[PDB]
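Protein chains in written order, with the numbering used here: chain A, 1 to 118; chain B, 1 to 130; chain C, 1 to 157; chain D, 1 to 68.
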Amino acid sequence: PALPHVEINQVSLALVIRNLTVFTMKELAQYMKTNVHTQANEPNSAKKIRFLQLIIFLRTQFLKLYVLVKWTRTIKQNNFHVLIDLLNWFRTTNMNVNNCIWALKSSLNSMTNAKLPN
Amino acid sequence: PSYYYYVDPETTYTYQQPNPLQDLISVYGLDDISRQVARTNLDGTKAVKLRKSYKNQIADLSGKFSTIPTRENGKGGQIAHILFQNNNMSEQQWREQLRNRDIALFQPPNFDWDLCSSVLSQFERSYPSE
Amino acid sequence: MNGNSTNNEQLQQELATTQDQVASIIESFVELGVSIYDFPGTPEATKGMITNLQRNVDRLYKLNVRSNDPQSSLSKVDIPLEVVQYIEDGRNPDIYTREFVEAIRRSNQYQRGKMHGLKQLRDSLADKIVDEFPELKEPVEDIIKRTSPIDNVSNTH
Amino acid sequence: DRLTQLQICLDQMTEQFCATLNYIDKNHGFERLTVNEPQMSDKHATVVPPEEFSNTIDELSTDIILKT
């Protein structure tokens, strides 16, 4: 049966892979350009500590990507959007029984102005 | 016989499409998703409860991690904001152009390798412990 | 269905090769991290960690070009923000599928209960009306058979 | 004065209709299609015993037709 497909707040996995790759080597470049010059404010030991922190952060981000690709591997038919469309259909239908009630109530509130008293 | 208003024998009504009476999991073929995450198997046997963390997902990789990087332990970041950023010739040529304009950030002069060799050569002896 | 089946199979192969490339990157990261922590200070170790970075960068090449090649089902993968921010909380992403399908079932059962309750109200009203009004029994039964049509999308479960 | 009571009775019909719809929309439960499917409950959902649920349905219906 027909389900209205929603395009709100989804993204392709290729787009987030591309975004993660450009972000990780942009951060590699940004750590690269700032650590060219060594001063008393930035000793090379602190440079190595910062490099260790950055590679730990990048390892964390790629671990998150690994968990995401495992999660996509859990779904076999790649029909998660079918589930989302079904839930959005449920959101529309649950309100419909409230919508007819509110239609009747609005009908009454428009009806109150139309009598002719004793 | 007296006709009654808006009660018309030729007026007919059908069920909703899809019908919520039936199990809509099976109508859209979602039963594979159902029993793979079910807390109890559909034979009277209780199924395994899913873990709170994703430690079982990352259990097959050997690494230095023993805890779970979260938002609240100061190990993760707001990476989803970055991850949700978005911007004749045949389809082969145009897709080559797309993939190669996704390579221009991945090569020097953006990532000069002599500069990185000299800079990470600056690391002195031993690991200072903090 | 054949095209969908081979798309899912090729997608599974793509997911597997992305997973093993990511695993290789993570292994290289822990290798260069312990190389930094266990640095001997030698130029050979400097070249070794340069080499580790080189393999990481070319792995990034290979999984970026596979994120943009025409033969890619990774564009066909549908990913919301809730699953990726759900992982960033450190909490298990299959719960998101579990809780999500449980929300589907919970809403379905709420709707089915409302469905049966409306049916109970309808037929109780009908029986009571035909008890009070015998002259209206034929329009009530006509309304009942009209508003309870033959099931063609309800016989399947 | 009789027509005034008639109009009061008419919008009492309408109030009874919307009240019955509100009751059947809010205080219905969650029905088992089979016995093996899980039955879950919500603390934010007004669950009622089904027998007195049907009794309240009956008394709502009978007050509708006694007003009729």
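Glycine included, each C-beta is placed from N, C-alpha and C at the ideal position.
Applying a beta-carbon distance threshold of less than 7 Å, which residues of chain D neighbour residue i?
i                 : result
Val97 of chain A  : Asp25
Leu125 of chain C : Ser61
Following the continuous alpha helix (DSSP H) through residue i, name the residue where it begins and the one where it ends.
i                     : result
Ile49 of chain A      : 44-74
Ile57 of chain D      : 50-67
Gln85 of chain B      : Premise fails: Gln85 of chain B is in no alpha helix (DSSP H) and is neither H nor E.
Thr12 of chain B      : Careful: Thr12 of chain B lies outside any alpha helix (DSSP H) and carries neither H nor E.
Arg122 of chain C     : 93-132
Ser26 of chain B      : 24-27
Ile79 of chain B      : It is not in any alpha helix (DSSP H) - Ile79 of chain B carries neither H nor E in the DSSP assignment.
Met95 of chain A      : 80-111
residue 70 of chain D : Residue 70 of chain D is absent from the structure shown; chain D starts at 1 and stops at 68.
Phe65 of chain B      : Where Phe65 of chain B is concerned, there is no enclosing alpha helix (DSSP H), given that its DSSP letter is neither H nor E.
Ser118 of chain B     : 113-120
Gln54 of chain C      : 43-65
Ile17 of chain A      : 13-34
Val30 of chain C      : 2-37
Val140 of chain C     : 137-147
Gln16 of chain D      : 2-26
So with CB distances below 9 Å, who are the chain A contacts of residue i?
i                : result
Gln16 of chain D : Within 9 Å Cβ-Cβ: nothing; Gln16 of chain D doesn't reach chain A, min ~11 Å.
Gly33 of chain C : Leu52, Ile55, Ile56, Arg59
Buried or exposed, going by whether 16 or more other CB atoms sit within 10 Å of the CB of residue i?
i                      : result
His28 of chain D       : buried
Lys48 of chain A       : buried
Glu88 of chain C       : buried
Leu42 of chain B       : exposed
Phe80 of chain A       : buried
residue 158 of chain C : Given that chain C is displayed from residue 1 to residue 157, the structure contains no residue 158 of chain C and the question cannot be resolved.
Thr62 of chain D       : exposed
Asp151 of chain C      : exposed
residue 138 of chain B : Residue coverage of chain B in this structure runs from 1 to 130, which leaves residue 138 of chain B outside it and unanswerable.
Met49 of chain C       : buried
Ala14 of chain A       : buried
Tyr5 of chain B        : exposed
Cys116 of chain B      : buried
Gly33 of chain C       : buried
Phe133 of chain C      : exposed
residue 159 of chain C : Lying outside 1 to 157, the shown extent of chain C, residue 159 of chain C is not represented and no answer is given.
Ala16 of chain C       : exposed
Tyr13 of chain B       : exposed
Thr45 of chain B       : exposed
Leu10 of chain D       : exposed
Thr72 of chain A       : buried
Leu6 of chain D        : exposed
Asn36 of chain D       : exposed
Return yes when the Cβ of residue j is within less than 9 Å of the Cβ of residue i, no when it is not.
i                      : j                 : result
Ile57 of chain D       : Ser124 of chain C : yes
residue 132 of chain B : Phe23 of chain A  : Chain B is shown from 1 up to 130; residue 132 of chain B falls before or after that span and cannot be answered.
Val65 of chain C       : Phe111 of chain B : no
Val16 of chain A       : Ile58 of chain B  : no
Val69 of chain A       : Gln19 of chain C  : yes
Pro117 of chain A      : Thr4 of chain D   : yes
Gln111 of chain C      : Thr93 of chain A  : yes
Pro38 of chain D       : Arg39 of chain B  : yes
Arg18 of chain A       : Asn8 of chain C   : no
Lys128 of chain C      : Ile65 of chain D  : yes
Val22 of chain C       : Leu28 of chain A  : no
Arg122 of chain C      : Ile144 of chain C : yes
In chain C, which residues lie with their C-beta within 8 Å of the C-beta of residue i?
i                : result
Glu31 of chain D : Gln109, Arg112, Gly113, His116
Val7 of chain B  : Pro139, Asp142, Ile143
Just the chain D side, please: which residues come within less than 9 Å of residue i by C-beta, in chain order?
i               : result
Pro1 of chain A : Per Cβ cutoff of 9 Å: no residues; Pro1 of chain A is ~19 Å from chain D at best.
In chain B, what lies closer than 8 Å to residue i by C-beta?
i                : result
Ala29 of chain A : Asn110, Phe111
So residue i contacts chain B; which residues on that side make the cut at Cβ distance below 7 Å?
i                     : result
residue 76 of chain D : An answer regarding residue 76 of chain D cannot be provided, because it is not within the stretch 1 to 68 covered by chain D.
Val30 of chain C      : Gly63, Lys64
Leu81 of chain C      : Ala80, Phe84
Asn44 of chain A      : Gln122, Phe123, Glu124
Chain C partners of residue i, CB-CB under 7 Å?
i                : result
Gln22 of chain B : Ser154, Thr156, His157
Mind listing the chain A neighbours of residue i? Cutoff is C-beta to C-beta under 8 Å, in chain order.
i                : result
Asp32 of chain B : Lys76, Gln77
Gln19 of chain C : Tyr66, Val69, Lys70, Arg73
For residue i, which residues in chain D fall below 8 Å Cβ to Cβ?
i                 : result
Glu132 of chain C : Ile65, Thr68
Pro4 of chain A   : Result: empty, since nearest Cβ-Cβ is about 23 Å, beyond 8 Å.
Starting from residue i, find everything on chain A with Cβ-Cβ shorter than 7 Å and list it in chain order.
i               : result
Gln7 of chain D : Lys115
For a contact meaning CB atoms closer than 9 Å, what does residue i contact in chain E?
i                : result
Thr45 of chain B : In the structure shown, chain E cannot be found, because the protein chains are A, B, C and D.
Measuring CB atoms only, is the stretch 103-123 of chain C touching the stretch 85-99 of chain A, in the sense that at least three cross pairs come out at less than 8 Å? Three or more pairs of CB atoms, one per stretch, sit closer than 8 Å, so the stretch 103-123 of chain C contacts the stretch 85-99 of chain A.
Stretch pair the stretch 52-71 of chain A + the stretch 113-124 of chain B: three plus CB contacts closer than 8 Å: Verdict: no, contact absent.
Could you tell me whether the stretch 24-42 of chain C touches the stretch 123-130 of chain B, where touching means 3 or more Cβ pairs closer than 8 Å? A contact between stretches requires three or more CB pairs, one per stretch, nearer than 8 Å, and the stretch 24-42 of chain C meets this requirement with the stretch 123-130 of chain B.
Do the stretch 94-112 of chain A and the stretch 76-94 of chain C make contact, defined as three or more Cβ pairs closer than 8 Å? When C-beta atoms of the stretch 94-112 of chain A are compared with those of the stretch 76-94 of chain C, fewer than three pairs fall below 8 Å, so the two segments do not count as touching.
Counting Cβ pairs, one atom from each stretch, are 3 or more of them under 8 Å apart for the stretch 14-22 of chain D and the stretch 19-34 of chain B? With contact defined as three or more Cβ pairs closer than 8 Å, the stretch 14-22 of chain D and the stretch 19-34 of chain B are not in contact.
Would you call the stretch 24-34 of chain B and the stretch 91-104 of chain C in contact, with 3 or more CB pairs under 8 Å? They touch, by the three-pair rule.
The stretch 92-100 of chain B / the stretch 25-38 of chain C touching (three or more Cβ pairs under 8 Å): Judged by Cβ distances under 8 Å, the stretch 92-100 of chain B makes no contact with the stretch 25-38 of chain C, as fewer than three pairs qualify.
With three or more beta-carbon pairs closer than 8 Å as the criterion, would you say the stretch 133-142 of chain C touches the stretch 64-78 of chain B? With the cut-off at 8 Å, the stretch 133-142 of chain C and the stretch 64-78 of chain B do not touch.
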